[PDB]
Structures are given as structure tokens and as C-alpha cells.
Amino acid sequence: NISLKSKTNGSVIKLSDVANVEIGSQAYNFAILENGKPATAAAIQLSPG
Amino acid sequence: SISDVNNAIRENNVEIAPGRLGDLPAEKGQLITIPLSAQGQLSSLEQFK
């Protein structure tokens, strides 16, 4: 419902009329299989010494 | 003014961000990804004049 000020006729349009708003991931780089099924994981690297 | 000579160079000698074509929040059935870029800057003396 963030209102946008049109420049053609001076209307009042919301954000949902020119876009699509959803909850999604921040970056879409990596994905993980584990046995053929989608999951997630984290890789742990040990310190020097 | 000299602030107008400075602003004319910033508009006309600009660095455009490259991007890709087919980045990973993508459609279903996309086969080819390819980088894209645009030459925004100037190169010689004749363009600067």
C-alpha cells in the first residue's frame, strides 16, 4: 500500500499495481541435495592451530 | 559555472553496471545464461569535445 505518484495523469497507485511483493530468500546462489531431496547445510572449517 | 561543466561530464561519461541474462531467481525451462554489458564511457578526444 505504499502510494506512488503517477506522472501521466497524476493518479494515486499502490505498490502492488506495478510490482509483486513476496517473502523470499536474500540471495539465490546455492542449493543443496542430500539424498535426492532438497535441504540446507553449513560447512565448518577448523581454525589454524 | 564550473559545477555545470563537472555535471556534464558525470552524465556523459558514466559506468553502467553489467548484470547477466538469466540469473538464478529464474523461470522454469531456461536453457542459456549469458553476461551482458554496455559501453557507457568515452574513449577519445573527439567524444569529449
# chains A, B, ... in the order shown; residues from 1 in each chain; ligands from 1
call {"tool": "interface_residues", "arguments": {"of": "chain B", "to": "chain A", "cutoff": "12 Å", "atoms": "only C-alpha atoms", "output": "ChimeraX atom specification"}}
result
/B:23-26
call {"tool": "residues_around", "arguments": {"residues": "residue B:37", "least_positions_apart": "4", "cutoff": "10 Å", "atoms": "only C-alpha atoms", "output": "ChimeraX atom specification"}}
result
/B:16-20
call {"tool": "select_by_dssp", "arguments": {"residues": "chain B", "states": "alpha helix (DSSP H)", "output": "number ranges by chain"}}
result
B: 2-12, 45-48
call {"tool": "residues_around", "arguments": {"residues": "residue B:49", "least_positions_apart": "2", "cutoff": "12 Å", "atoms": "only C-alpha atoms", "output": "list in words"}}
result
residues 5, 8, 9, 12, 42, 43, 44, 45, 46 and 47 of chain B
call {"tool": "write_last_selection", "arguments": {"atoms": "N, CA and C atoms", "output": "CSV table (one decimal), in the first residue's frame"}}
result
chain,number,residue,atom,x,y,z
B,5,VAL,N,30.1,22.3,-15.8
B,5,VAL,CA,31.0,21.5,-16.6
B,5,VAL,C,31.3,20.2,-15.9
B,8,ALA,N,28.2,17.9,-16.4
B,8,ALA,CA,28.0,17.4,-17.8
B,8,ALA,C,28.9,16.2,-18.1
B,9,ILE,N,30.1,16.1,-17.5
B,9,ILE,CA,31.0,15.0,-17.7
B,9,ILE,C,30.5,13.8,-16.9
B,12,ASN,N,27.7,12.1,-19.0
B,12,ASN,CA,28.0,11.6,-20.4
B,12,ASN,C,29.2,10.7,-20.4
B,42,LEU,N,33.5,7.3,-22.5
B,42,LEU,CA,34.1,7.9,-23.7
B,42,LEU,C,35.5,7.4,-23.8
B,43,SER,N,36.1,7.5,-25.0
B,43,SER,CA,37.4,7.0,-25.2
B,43,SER,C,38.4,8.0,-25.8
B,44,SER,N,38.0,8.8,-26.7
B,44,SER,CA,39.0,9.7,-27.4
B,44,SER,C,38.8,11.1,-27.1
B,45,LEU,N,39.5,12.0,-27.8
B,45,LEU,CA,39.4,13.4,-27.6
B,45,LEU,C,38.1,13.9,-28.3
B,46,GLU,N,37.8,13.3,-29.5
B,46,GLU,CA,36.7,13.9,-30.3
B,46,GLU,C,35.3,13.7,-29.6
B,47,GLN,N,35.2,12.6,-28.8
B,47,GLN,CA,34.0,12.5,-28.0
B,47,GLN,C,33.9,13.4,-26.8
call {"tool": "atom_distance", "arguments": {"atom1": "atom CA of residue A:43", "atom2": "atom CA of residue A:31"}}
result
13.1 Å
call {"tool": "atom_distance", "arguments": {"atom1": "atom CA of residue A:44", "atom2": "atom CA of residue A:26"}}
result
21.5 Å
call {"tool": "residues_around", "arguments": {"residues": "residue A:13", "least_positions_apart": "3", "cutoff": "10 Å", "atoms": "only C-alpha atoms", "output": "ChimeraX atom specification"}}
result
/A:1-6,10,16-18
call {"tool": "write_last_selection", "arguments": {"atoms": "C-alpha atoms", "output": "CSV table (one decimal), in the first residue's frame"}}
result
chain,number,residue,atom,x,y,z
A,1,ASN,CA,0.0,0.0,0.0
A,2,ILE,CA,3.0,2.3,-0.4
A,3,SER,CA,1.5,5.0,-2.6
A,4,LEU,CA,3.2,6.0,-5.9
A,5,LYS,CA,2.5,9.3,-7.6
A,6,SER,CA,1.9,8.8,-11.3
A,10,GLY,CA,-1.4,12.4,-11.7
A,16,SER,CA,1.1,-3.8,-5.7
A,17,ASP,CA,-0.1,-2.4,-9.1
A,18,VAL,CA,3.4,-2.1,-10.6
call {"tool": "atom_distance", "arguments": {"atom1": "atom CA of residue A:32", "atom2": "atom CA of residue B:33"}}
result
20.8 Å
call {"tool": "select_by_dssp", "arguments": {"residues": "chain B", "states": "strand (DSSP E)", "output": "ChimeraX atom specification"}}
result
/B:20-21,34-35
call {"tool": "write_last_selection", "arguments": {"atoms": "N, CA and C atoms", "output": "mmCIF file, in the first residue's frame"}}
result
data_model
loop_
_atom_site.group_PDB
_atom_site.id
_atom_site.type_symbol
_atom_site.label_atom_id
_atom_site.label_comp_id
_atom_site.auth_asym_id
_atom_site.auth_seq_id
_atom_site.Cartn_x
_atom_site.Cartn_y
_atom_site.Cartn_z
ATOM 1 N N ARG B 20 23.640 -9.884 -15.713
ATOM 2 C CA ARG B 20 23.577 -11.096 -16.519
ATOM 3 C C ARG B 20 22.186 -11.241 -17.114
ATOM 4 N N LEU B 21 22.015 -12.268 -17.941
ATOM 5 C CA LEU B 21 20.744 -12.562 -18.597
ATOM 6 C C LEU B 21 20.332 -13.973 -18.208
ATOM 7 N N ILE B 34 23.852 -15.775 -20.088
ATOM 8 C CA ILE B 34 24.870 -15.051 -20.839
ATOM 9 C C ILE B 34 25.089 -13.689 -20.194
ATOM 10 N N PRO B 35 26.327 -13.242 -20.030
ATOM 11 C CA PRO B 35 26.556 -11.915 -19.462
ATOM 12 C C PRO B 35 26.214 -10.818 -20.449
#
